[PDB]
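Structure file structure-v8.tsv with TSV, C-alpha atoms:
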```tsv
chain	number	residue	atom	x	y	z
A	1	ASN	CA	135.56	-115.94	-8.62
A	2	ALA	CA	135.13	-114.26	-5.17
A	3	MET	CA	137.98	-114.38	-2.71
A	4	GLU	CA	138.42	-116.86	0.05
A	5	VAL	CA	139.96	-117.11	3.51
A	6	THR	CA	141.88	-120.28	2.96
A	7	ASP	CA	143.76	-120.53	6.23
A	8	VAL	CA	144.04	-118.73	9.55
A	9	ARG	CA	146.97	-118.66	11.94
A	10	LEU	CA	146.13	-117.49	15.40
A	11	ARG	CA	147.76	-116.71	18.72
A	12	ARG	CA	145.59	-116.28	21.80
A	13	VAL	CA	146.32	-113.19	23.90
A	14	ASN	CA	145.99	-113.70	27.67
A	15	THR	CA	146.99	-110.23	28.91
A	16	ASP	CA	143.70	-108.58	29.81
A	17	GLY	CA	142.54	-105.56	27.90
A	18	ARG	CA	140.09	-105.79	25.00
A	19	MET	CA	142.23	-107.84	22.66
A	20	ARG	CA	141.83	-111.67	22.78
A	21	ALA	CA	143.95	-112.81	19.83
A	22	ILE	CA	146.18	-111.70	16.99
A	23	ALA	CA	146.08	-113.52	13.67
A	24	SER	CA	146.91	-113.71	10.00
A	25	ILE	CA	144.65	-114.85	7.18
A	26	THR	CA	145.58	-116.66	3.97
A	27	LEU	CA	143.63	-115.40	0.97
A	28	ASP	CA	143.31	-117.77	-2.04
A	29	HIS	CA	146.06	-120.18	-0.82
A	30	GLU	CA	148.40	-117.42	-1.80
A	31	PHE	CA	148.25	-114.06	-0.07
A	32	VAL	CA	148.82	-113.60	3.68
A	33	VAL	CA	147.53	-110.67	5.70
A	34	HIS	CA	149.13	-109.99	9.12
A	35	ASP	CA	148.10	-108.11	12.33
A	36	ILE	CA	144.45	-108.93	12.45
A	37	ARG	CA	143.11	-108.48	15.99
A	38	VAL	CA	140.37	-110.38	17.72
A	39	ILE	CA	138.73	-108.09	20.24
A	40	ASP	CA	136.08	-108.18	23.00
A	41	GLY	CA	134.18	-104.92	22.38
A	42	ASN	CA	131.10	-104.29	24.51
A	43	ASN	CA	128.82	-106.05	22.03
A	44	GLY	CA	130.60	-109.27	21.16
A	45	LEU	CA	133.84	-110.51	19.65
A	46	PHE	CA	134.90	-108.76	16.47
A	47	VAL	CA	137.76	-108.77	14.01
A	48	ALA	CA	139.76	-105.64	13.18
A	49	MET	CA	141.75	-105.26	9.98
A	50	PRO	CA	145.32	-103.99	10.31
A	51	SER	CA	144.89	-100.23	10.58
A	52	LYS	CA	146.88	-97.05	10.12
A	53	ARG	CA	146.43	-93.73	11.90
A	54	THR	CA	146.61	-90.79	9.51
A	55	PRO	CA	148.63	-87.58	10.47
A	56	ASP	CA	145.14	-86.22	10.99
A	57	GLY	CA	144.24	-88.20	14.15
A	58	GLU	CA	142.00	-90.41	11.96
A	59	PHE	CA	142.12	-94.14	11.10
A	60	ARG	CA	141.98	-96.26	8.00
A	61	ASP	CA	142.60	-99.94	7.49
A	62	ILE	CA	145.56	-100.92	5.37
A	63	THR	CA	143.61	-103.92	4.23
A	64	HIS	CA	139.98	-103.06	3.43
A	65	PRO	CA	137.05	-105.41	2.48
A	66	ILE	CA	134.60	-103.57	0.22
A	67	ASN	CA	131.31	-105.19	1.25
A	68	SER	CA	130.28	-105.95	4.77
A	69	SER	CA	129.58	-109.50	3.49
A	70	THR	CA	133.20	-110.16	2.54
A	71	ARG	CA	134.17	-108.47	5.80
A	72	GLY	CA	131.90	-110.99	7.52
A	73	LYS	CA	133.45	-113.82	5.55
A	74	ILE	CA	136.84	-112.76	6.85
A	75	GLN	CA	135.42	-112.30	10.35
A	76	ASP	CA	133.62	-115.69	10.43
A	77	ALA	CA	136.76	-117.60	9.39
A	78	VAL	CA	138.84	-115.87	12.12
A	79	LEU	CA	136.25	-116.19	14.87
A	80	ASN	CA	135.56	-119.75	13.80
A	81	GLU	CA	139.19	-120.83	14.00
A	82	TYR	CA	139.59	-118.95	17.21
A	83	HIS	CA	136.68	-120.76	18.89
A	84	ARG	CA	137.77	-123.98	17.21
A	85	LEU	CA	141.15	-123.62	18.90
A	86	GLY	CA	139.11	-123.09	22.09
A	87	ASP	CA	137.30	-126.42	21.82
A	88	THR	CA	139.97	-128.65	20.27
A	89	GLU	CA	142.06	-127.67	23.27
A	90	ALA	CA	139.13	-128.24	25.63
A	91	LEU	CA	138.57	-131.79	24.28
A	92	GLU	CA	142.33	-132.55	24.48
A	93	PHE	CA	142.09	-131.87	28.25
A	94	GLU	CA	141.06	-135.55	28.69
B	1	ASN	CA	141.50	-120.18	-7.50
B	2	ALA	CA	144.55	-117.97	-7.15
B	3	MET	CA	145.19	-114.25	-6.90
B	4	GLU	CA	143.41	-111.90	-9.14
B	5	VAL	CA	144.62	-108.38	-8.88
B	6	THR	CA	141.54	-106.99	-10.63
B	7	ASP	CA	142.37	-103.31	-10.46
B	8	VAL	CA	145.26	-100.94	-9.70
B	9	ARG	CA	144.57	-97.39	-8.62
B	10	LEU	CA	147.51	-94.98	-8.63
B	11	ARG	CA	147.60	-91.95	-6.33
B	12	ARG	CA	150.36	-89.39	-5.56
B	13	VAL	CA	152.35	-90.22	-8.71
B	14	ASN	CA	155.83	-88.67	-9.40
B	15	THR	CA	156.81	-85.98	-6.88
B	16	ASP	CA	159.79	-87.43	-4.97
B	17	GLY	CA	162.42	-88.94	-7.30
B	18	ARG	CA	162.77	-92.25	-5.44
B	19	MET	CA	159.36	-92.61	-3.98
B	20	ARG	CA	157.54	-92.75	-7.27
B	21	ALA	CA	153.83	-93.60	-6.75
B	22	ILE	CA	151.33	-94.64	-4.10
B	23	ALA	CA	149.14	-97.56	-5.03
B	24	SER	CA	145.94	-99.33	-4.05
B	25	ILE	CA	145.39	-102.73	-5.60
B	26	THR	CA	142.12	-104.59	-5.50
B	27	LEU	CA	142.14	-108.32	-5.09
B	28	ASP	CA	139.21	-110.32	-6.45
B	29	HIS	CA	136.82	-107.40	-6.84
B	30	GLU	CA	136.26	-107.33	-3.08
B	31	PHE	CA	139.49	-106.89	-1.07
B	32	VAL	CA	141.55	-103.69	-1.29
B	33	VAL	CA	145.19	-103.22	-0.16
B	34	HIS	CA	146.40	-99.62	0.40
B	35	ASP	CA	149.85	-98.05	0.94
B	36	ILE	CA	151.62	-100.11	-1.61
B	37	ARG	CA	154.34	-97.95	-3.12
B	38	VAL	CA	156.32	-97.79	-6.36
B	39	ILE	CA	159.96	-97.09	-5.55
B	40	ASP	CA	162.98	-96.78	-7.86
B	41	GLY	CA	165.93	-98.76	-6.45
B	42	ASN	CA	169.25	-100.33	-7.55
B	43	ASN	CA	167.75	-101.86	-10.68
B	44	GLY	CA	164.88	-99.66	-11.62
B	45	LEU	CA	161.44	-99.90	-10.23
B	46	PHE	CA	159.91	-102.34	-7.79
B	47	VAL	CA	156.68	-102.47	-5.82
B	48	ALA	CA	156.82	-102.29	-2.03
B	49	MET	CA	154.20	-103.76	0.20
B	50	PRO	CA	153.11	-101.94	3.43
B	51	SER	CA	155.45	-102.57	6.36
B	52	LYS	CA	154.63	-104.10	9.72
B	53	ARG	CA	157.17	-103.61	12.48
B	54	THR	CA	157.72	-106.82	14.52
B	55	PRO	CA	158.60	-106.99	18.24
B	56	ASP	CA	162.39	-107.48	17.65
B	57	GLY	CA	162.25	-104.36	15.46
B	58	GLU	CA	162.60	-105.95	12.01
B	59	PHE	CA	160.27	-104.68	9.25
B	60	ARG	CA	157.91	-107.14	7.55
B	61	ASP	CA	155.15	-106.86	5.01
B	62	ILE	CA	151.66	-106.88	6.46
B	63	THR	CA	150.57	-108.12	3.07
B	64	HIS	CA	152.60	-111.17	2.06
B	65	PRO	CA	152.39	-113.37	-1.08
B	66	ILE	CA	153.96	-116.66	-0.04
B	67	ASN	CA	155.07	-117.57	-3.58
B	68	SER	CA	157.26	-115.46	-5.79
B	69	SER	CA	155.21	-115.80	-8.98
B	70	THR	CA	152.31	-114.15	-7.09
B	71	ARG	CA	154.72	-111.38	-6.19
B	72	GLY	CA	155.78	-111.01	-9.80
B	73	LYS	CA	152.15	-110.80	-10.88
B	74	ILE	CA	151.38	-108.17	-8.31
B	75	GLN	CA	154.49	-106.24	-9.25
B	76	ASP	CA	153.73	-106.37	-12.99
B	77	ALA	CA	150.10	-105.38	-12.44
B	78	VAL	CA	151.27	-102.31	-10.52
B	79	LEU	CA	154.16	-101.32	-12.80
B	80	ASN	CA	152.11	-101.60	-16.03
B	81	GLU	CA	149.63	-99.20	-14.58
B	82	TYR	CA	152.33	-96.83	-13.48
B	83	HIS	CA	154.07	-97.08	-16.80
B	84	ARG	CA	150.78	-96.68	-18.65
B	85	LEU	CA	149.75	-93.51	-16.89
B	86	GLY	CA	153.12	-91.80	-17.58
B	87	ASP	CA	153.42	-92.66	-21.25
B	88	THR	CA	149.78	-91.72	-21.80
B	89	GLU	CA	150.57	-88.45	-19.96
B	90	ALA	CA	153.38	-87.69	-22.43
B	91	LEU	CA	151.20	-88.63	-25.40
B	92	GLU	CA	148.80	-85.85	-24.30
B	93	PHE	CA	151.52	-83.17	-24.79
B	94	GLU	CA	152.51	-84.52	-28.23
B	95	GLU	CA	148.87	-83.98	-29.34
```
Show me, as structure tokens, the structure contained in the file I just sent.
Amino acid sequence: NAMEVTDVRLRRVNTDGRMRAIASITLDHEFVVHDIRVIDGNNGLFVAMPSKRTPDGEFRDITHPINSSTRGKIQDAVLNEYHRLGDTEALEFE
Amino acid sequence: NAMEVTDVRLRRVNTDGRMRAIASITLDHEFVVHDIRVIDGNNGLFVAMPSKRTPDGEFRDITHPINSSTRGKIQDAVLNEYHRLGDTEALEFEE
């Protein structure tokens, strides 16, 4: 079995800057990953894994998807929920 | 569908006395978690997840198994690998 984003918790960020939300994902109903950032980079919204700067100047994620596909399956879930919070709130407005 | 820690890779093993190994586990063949470390505490060994610092200054795991059995599993998966490497290491010298 492949792994599965099974839940997303998300907090919208309203301070301007690039970052639009910070979230956690639940993998397999079981494992939670914190500090995932939703960002407006000059090419569309994208999801960054929690990352660590090396004493080296450089950067690696603490939590790394191996394929770009599983990356995208993490990204989709987070962007989906994000936008879904957008338009459940919108519809509430009346 | 639960957790499957499919693989445990074990870097930096046995230099500091307390900080015993540095570990990368792979979940479900696709998702890797770095900077897990094997530390020797009060009662022997335990596996520490990577630490997030919250806004009030407390330290929390970035990587958090909600249930304790999942934690056990993860811990056992890591410790068996650490224990295996070392005892295989010694078995080299005997032969």
Margin query: If we count all atoms listed in the file and set the cut-off at 10 Å, which residues sit around range 25-30 of chain B, ignoring sequence neighbours fewer than 2 positions away in its own chain? Please answer as JSON, numbers by chain.
Written below: {"A": [1, 2, 3, 4, 27, 28, 31, 63, 64, 65, 66, 67, 68, 69, 70, 71], "B": [2, 3, 4, 5, 6, 7, 8, 9, 10, 23, 32, 33, 34, 35, 36, 74, 77, 78]}
- prompt: How many Å separate CA of residue 37 in chain B from CA of residue 85 in chain B?
  reply: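 These atoms are spaced 15.2 Å apart.
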A straight line from CA of residue 38 in chain A to CA of residue 20 in chain A spans 5.4 Å
Handout entry: Proximity to residue 14 in chain A - best of A:39, A:81, A:51, A:26, all atoms listed in the file
Key =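 Counting all atoms listed in the file, the residue closest to residue 14 in chain A is A:39.
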*Which residue of A:24, A:15, A:42, A:88 approaches chain B most closely, using all atoms listed in the file*: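 Nearest to chain B: A:24.
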Env of residue 82 in chain B: 12 Å cut, atoms = only C-alpha atoms, seq-sep filter 2 positions within chain, self excluded. Answer as a PyMOL selection string. chain B and resi 8-14+20-24+37-39+45-47+75-80+84-89
CA of residue 31 in chain B to CA of residue 18 in chain B, distance in Å rounded to a single decimal =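 Atom-to-atom, CA of residue 31 in chain B to CA of residue 18 in chain B, that is 27.8 Å.
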If we count only C-alpha atoms and set the cut-off at 8 Å, which residues sit around range 32-37 of chain A, ignoring sequence neighbours fewer than 4 positions away in its own chain? Please answer as a PyMOL selection string. (chain A and resi 19-27+47-50+63) or (chain B and resi 61-66)
Nearest to chain A, restricted to only C-alpha atoms and choosing among B:17, B:48, B:68, B:95, comes out as B:68
>> I'd like to know which of A:30, A:94, A:58, A:40 is closest to chain B, using only C-alpha atoms.
In response: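 Comparing A:30, A:94, A:58, A:40 against chain B, the winner is A:30.
Of the listed residues A:7, A:87, A:78, A:62, the one whose atoms come nearest to residue 49 in chain B is A:62, with distances taken using only C-alpha atoms.
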Between B:54, B:1, B:42, B:15, smallest distance to chain A by all atoms listed in the file belongs to B:1
